[PDB]
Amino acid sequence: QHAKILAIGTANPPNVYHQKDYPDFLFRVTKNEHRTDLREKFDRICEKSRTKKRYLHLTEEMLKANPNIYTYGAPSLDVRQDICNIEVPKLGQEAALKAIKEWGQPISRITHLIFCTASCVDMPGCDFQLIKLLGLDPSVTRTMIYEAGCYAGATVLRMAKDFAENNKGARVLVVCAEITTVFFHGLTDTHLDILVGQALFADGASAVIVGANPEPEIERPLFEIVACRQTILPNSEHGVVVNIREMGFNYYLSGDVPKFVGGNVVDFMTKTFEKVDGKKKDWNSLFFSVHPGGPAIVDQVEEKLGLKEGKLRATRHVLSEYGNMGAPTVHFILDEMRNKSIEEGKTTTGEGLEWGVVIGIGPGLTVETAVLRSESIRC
């Protein structure tokens, strides 16, 4: 009896930033309107981003009050942490309450908590703060995953699987929450990576309830977590780097990340499915939740796996409507898949298909995959 996803909830900050307006906003609020050179490059990036809108906690008023946040390299970690250490658990709480509602059980049945964020760090951590906010049992068994990055949407499912399968009756609340205030940086032609993050990064939280042996008439599985694999792509340690510094969380993004993903996806998919049935081709038989680190990563997975038009629609839909929210994004994609599957009258939560995969991609470059089975659409 494998671990099942029993519920998914999601949440975002209330402020909507449409991409058509974000260049004007960013360059105005950071006092960079003279950098017409950088505005051209940012317009081009936004045009290619395949991101139509994003939800952000950050507001213009916060920047006016804390201009060090947009002053490249200036000390600002403390004010960023003061915000994010509060806002990340709060946004997580909202998602968790939605997941718990779907699940339909009392909060007292939660035995385990996984909290994941790359947006802040504190002791006690976000997990402790969420226990207070939700009134979880003080003896919940906790895993606090700080600063893992964009593969961790798959990683937390892998951890949840083992915790749920090895501890009979366990019910695991998994919460991934990101507030990108800590990553916001001003504009300099010495660090153009920032233009890419400014176009793509976004705020959001997911919550997933994981458990084996669903209770009949109460619990309803959405997906089954079958098998998982984590690997490091060769010769790519420069792909995604984040340093936690006095200036905030500083990041570097190699232009070659999409090529590394494309050059490795057939291998890492094949090695993942060796843990199941030895599948080695015909990837269109699967449903997919691909972490949309950027649009070129999505395009590379589609091209090198030979995916048909529309196979990655749910992934592209979330990237369009929410941007890259980090680890929660693959859970938004699973939720979107489930919702569209209901809308279309599909037989399962995975677009009618039986087997699928979650692909998380982050620093290392590290790829974690989770092979899923869908479930019938019921109650």
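Residue numbers run from 1 along the displayed sequence.
Asks: Please compare 261 to 269 with 149 to 157 and say which has the higher mean C-alpha temperature factor in the record.
Replies: The recorded data point to 261 to 269.
Asks: Between 303 to 311 and 84 to 92, which has the larger average Cα B-factor in the PDB entry?
Replies: The stretch with the larger average C-alpha B-factor is 303 to 311.
Asks: Just to confirm, going by the entry's C-alpha B-factors, which of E224, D162, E246, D277 comes out highest?
Replies: Highest CA B-factor of the listed options: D277.
Asks: Sort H57, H331, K340, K64 by C-alpha B-factor from the entry and give me just the highest.
Replies: If I rank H57, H331, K340, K64 by C-alpha B-factor, first place goes to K64.
Asks: Within this chain, which third does the Cα B-factor at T30 fall in: lowest, middle or highest?
Replies: As the PDB entry reports it, the C-alpha B-factor of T30 lands in the highest third of its chain.
Asks: By its CA B factor, does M325 count among the lowest, middle or highest third of the modelled residues in the chain?
Replies: As the PDB entry reports it, the C-alpha B-factor of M325 lands in the lowest third of its chain.
Asks: Would you check the entry's CA temperature factor for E336 and let me know if it's in the chain's lowest, middle or highest third?
Replies: Middle third by C-alpha B-factor.
Asks: Going by the entry, which third of its chain does the Cα temperature factor of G204 land in?
Replies: Lowest third of the chain for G204's C-alpha B-factor.
Asks: Taking the chain's C-alpha temperature factors as the reference, tell me which third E102 falls into: lowest, middle or highest.
Replies: CA B-factor rank for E102: lowest third.
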